[PDB]
């Protein structure tokens, strides 16, 4: 019952994937607007409830890898 992107409690199947609400609207914002997020680490940041704001780049990558799409 866990968000496949950040492991928060999932609220439902959004854009094809079991995710929480915050990840649902994160993906929609990221897929429409500008694209160029930059990772400050090595593109494998830990994305969980407490750290998901740190790296949009890695959070967006995980959304794609889990299969989110419009």
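If you superpose the two forms and keep the largest set of C-alpha atoms that fall within 1.5 Å, you have the rigid core. Numbering follows the first chain given and starts at 1.
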Core-fitted, the stretch whose Cα atoms sit farther from this form in 8 other deposited structures of this protein, 41-49 versus 27-35, is 27-35
With reference to the PDB entry, specify whether the mean Cα temperature factor is higher for 59-67 or for 1-9.
-> 1-9
Stretch with higher mean Cα temperature factor, 22-30 vs 35-43, is 35-43
Of the three thirds of its chain by CA temperature factor, lowest, middle or highest, which one includes residue 52?
-> middle
